[PDB]
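The residues making up each chain are set out below.
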Number of protein chains: 2
Amino acid sequence: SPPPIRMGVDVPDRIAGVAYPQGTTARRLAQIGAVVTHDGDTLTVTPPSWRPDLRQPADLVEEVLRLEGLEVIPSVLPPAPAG
Amino acid sequence: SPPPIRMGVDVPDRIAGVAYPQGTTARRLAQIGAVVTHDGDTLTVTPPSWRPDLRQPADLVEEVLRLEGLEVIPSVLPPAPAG
Ligand SMILES: [Mg+2]
Ligand SMILES: [Mg+2]
């Protein structure tokens, strides 16, 4: 198995900008074959042996977001920086 | 005396963007001749008879800000949206 990855439970929610229903991250990561454990608000995710591409929290975020569907991500223009 | 005015104790701070020391608003408003009573966090301000220009909380805000000095107000860029 690849080494375990520590990641906050709401990290996919923050990066997506969507408040997913609770347990979405844990369910999706378990769906793709990873072992997920809880420690307060921090998950420890061990990817399956056939997923060496999952090495960082960003890799896990893509798994949750693509399975939930990028279409649910709202179009929110960022504020204009003083250019 | 003009009618009394109700105003939050920190309203001058919010409009100025400056955290004034405690009691600044009450001290400045009593300085210019108004009667100030405290009801928790809400100030009741009765301006003196020679100040018929003090009718709204914004008027009291100007009194506090101008006496503390507009030079203490910092320079912060507003959150303009994408145009
Ligand atoms: Mg990936
Ligand atoms: Mg005025």
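Now for a quick tour of the structure.

Parameters and conventions
- Residues numbered from 1 in each chain as written, not as in the entry; some residues may be left out.
- Chains lettered and ligands numbered in written order.
- Part of a larger assembly, values for the part shown.
- Heavy atoms only, no water.
- Helix = DSSP H or I, 4+ residues; strand = E, 2+ residues; numbered from the N terminus.
- Expected span 1.5 Å × (residues − 1).
- Buried < 20%, exposed > 50% of the residue type's maximum accessible area, 1.4 Å probe, protein only.
- Contact = heavy atoms within 4.5 Å.
- Buried area = accessible area lost by both parts, 1.4 Å probe.
- Salt bridge = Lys/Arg side-chain N within 4 Å of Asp/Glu carboxyl O.
- Polar contact = N/O pair within 3.5 Å; in protein donor to acceptor, adjacent residues only side chain to side chain.
- Nonpolar A, V, L, I, M, F, W, Y, C, P; charged D, E, K, R; others polar.
- Least-squares fit on C-alpha atoms.
- Axes fitted to C-alpha atoms, helices over the stretch in contact; angles between N-to-C directions.
- Parallel < 35°, antiparallel > 145°, perpendicular 65-115°, else oblique.
- Core = buried A, V, L, I, M, F, W, Y, C linked by side-chain atoms within 4.5 Å.
- Pairing = 2+ DSSP bridges.
- Patch = residues over 30% accessible without salt bridge, like charges linked within 9 Å, V, L, I, M, F, W, Y side chains within 5 Å.
- Areas by Shrake-Rupley, 256 points an atom, 1.4 Å probe, with all protein chains shown as cover.

**Things to note about helix α3 (residues 57–68) of chain A**
Residue and element names in this part refer to chain A.
- Under the 1.5 Å per step criterion, the end-to-end length of α3 is 17 Å for twelve residues, consistent within 8% with the ideal 16 Å.
- By the burial criterion, the buried members of α3 are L60, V61, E63, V64 and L65.
- Turning to α3, the residues buried within the fold contact β1 (5–8), α1 (11–16), α2 (24–31) and β3 (42–46).
- Positive phi shows up at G69, right after α3, with a value of about 105°.

**Quick look at the interface of chain A and chain B**
- Each partner contributes residues to the interface: chain A has five residues there, and chain B has four residues.
- Across the chain A to chain B interface the summed buried area is about 300 Å²; carbon plus sulfur atoms make up 70%.
- The largest contributions to the chain A side of the interface with chain B come from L77, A80 and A82 of chain A, which together make up 81% of the buried area.
- Where chain A touches chain B, the interface holds zero salt bridges.
- For the pair chain A and chain B, the interface holds one residue pair in polar contact.
- Here the side of chain A that touches chain B is built from residues that sort into five nonpolar, no polar and no charged.

**Some thoughts on the relation of the copies chain A and chain B**
- Screw-axis analysis of chain A against chain B gives a translation of 1.3 Å along the axis, an RMSD of 0.5 Å, and a rotation angle of 180°. Expressed as an axis order, the relation between the two copies is that of a two-fold axis. Minimal C-alpha separation from the rotation axis in chain A is found for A80 of chain A, amounting to 1.6 Å.

**Some remarks on the environment of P3 of chain B**
All names here are of chain B.
- When you line up the elements, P3 lands in the segment before β1 (5–8).
- Through-space distance from the C-alpha of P3 to that of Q56 is 9.9 Å; in sequence the pair is 53 residues apart.
- Ignoring anything within four residues of it in the chain, the contact list for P3 reads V45 and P47.

**Some details on the packing of α2 of chain A against α3 of chain A**
Residue and element names in this part refer to chain A.
- Orientation of α2 relative to α3, taken along the N-to-C sense of each, is 95°, at an axis distance of 9 Å. Put simply, α2 runs roughly perpendicular to α3. Here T24, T25, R27, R28, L29 and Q31 of α2 come into contact with α3, specifically with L60, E63, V64, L67 and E68.
- Its residues placed into classes, the contact of α2 with α3 shows four nonpolar, three polar and four charged.

**A word on the nonpolar core**
- If you look at the biggest cluster of nonpolar residues, it comprises 17 residues, and the most contacted ones within it are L29, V36, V45 and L60 of chain B.
- When residues of this core are traced back to their parent elements, those giving at least two are β1, α2 (24–31), β3 (42–46) and α3 (57–68) of chain B.
- When residues in this core are grouped by element, the largest group, four residues, is from α3 of chain B.
- Beyond its immediate sequence surroundings of up to four residues, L60 of chain B is in contact with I5, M7, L29, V45 and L54 of chain B.
- In this structure, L54, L60, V64 and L65 of chain A belong to the second largest nonpolar core, which totals 15 residues.

**Remarks on the sheet that holds β1 of chain B**
Residue and element names in this part refer to chain B.
- Here three strands make up an open sheet; going across it, the order is β1-β3-β2 and the pairing antiparallel. In this open sheet, the two strands that pair with only one neighbour each are β1 and β2 (35–39). Between one strand axis and the next, the sheet turns through 25° on average, direction left out of account.
- Running at roughly 155° to β2, α2 makes contact with β1, β2 and β3 of the sheet.

**Focus on a nonpolar patch on the surface**
- Together, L70, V72 and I73 of chain B give the surface a local cluster of nonpolar side chains, amounting to about 240 Å² of exposed area.
- Relative to the helices and strands, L70 of chain B is located in the segment after α3.

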